[PDB]
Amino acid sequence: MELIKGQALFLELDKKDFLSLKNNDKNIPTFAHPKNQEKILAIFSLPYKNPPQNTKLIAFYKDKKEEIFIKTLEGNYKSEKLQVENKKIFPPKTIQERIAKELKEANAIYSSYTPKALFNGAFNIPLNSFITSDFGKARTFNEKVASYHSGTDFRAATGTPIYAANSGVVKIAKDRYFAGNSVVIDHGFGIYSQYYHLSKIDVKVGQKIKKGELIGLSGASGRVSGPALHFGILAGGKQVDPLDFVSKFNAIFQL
């Protein structure tokens, strides 16, 4: 198989006699196929930065091993150079401390795996406008990816209502240094939707949210150049192409 970096892929495996699915030592979780009682699914994602050329995954059964080979692909992401870089411009300590705490908090959440579906059907798009900045916009240096765009931005004037893309549990609902007013929902199975740069948060941590419920209002808060809604999906442990993911997910799960 093949896969563009920063994308997720839904793997299908036989349910019967299945023990585990592994990428080296790291285990990869499995969930039931919705339309086929004899199958299970697993999500595999390639990081945007520094992917391997190739992945070999092993599905272990009672009676056999099934190898799965996945070649990384570069894709057609847009990319610009940078002309200066090295141990430069950090913030004040209590601000580094803020940056550090929030990273830790976020990583704890994205590491967590809720082993049931908190979603309800297909993902919807969080609002009905148009993309102004695509997933995977890179910035490069030493021919390496210095940074990339880890979600997709939708055009939004300040104050535009923003609806949960699917059902779930709110894990984050506060102001953060980079993302600004942030909401993050757990949908189950390590799948997380992200809504950043809001002007107003209308949910709180722990709250169960349904698909199409209002989570807040768009803004320009946090590290961003203007008002816009930033939409992200983390799955299989990584940030991946949100519209690509949604499209893959809904292929399997649409009710």
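Think of the rigid core as the biggest set of C-alphas that the two forms share within 1.5 Å after superposition. The numbering used is simple: start at 1 and walk along the sequence shown.
Where the structures in 8 other deposited structures of this protein are fitted on the rigid core, 78-86 is the one of 177-185 and 78-86 whose C-alphas sit farther from the shown form on average. Annotation: of the segments 105-113 and 148-156, 105-113 departs further from this form in 8 other deposited structures of this protein (C-alpha atoms, root mean square over structures and residues, core superposition). For the pair 60-68 and 190-198, the record assigns the higher mean C-alpha temperature factor to 60-68. When the mean C-alpha temperature factors of 29-37 and 199-207 are read from the deposited coordinates, 29-37 comes out higher. Within the group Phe123, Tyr163, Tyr177, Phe90, the record's highest C-alpha temperature factor is found at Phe90. Comparing the listed residues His149, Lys144, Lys171, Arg155, the entry records the largest Cα B-factor for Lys144.
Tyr110: CA B factor lies in the middle third for its chain, per the PDB record.
In the deposited entry, the Cα temperature factor of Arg223 sits in the middle third of values across the chain's modelled residues. Ranked within its chain, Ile185 lands in the lowest third, by CA B factor from the PDB record. Ranked within its chain, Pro51 lands in the highest third, by CA B factor from the PDB record. Ranked by C-alpha B-factor against the other modelled residues of its chain, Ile99 falls in the middle third.
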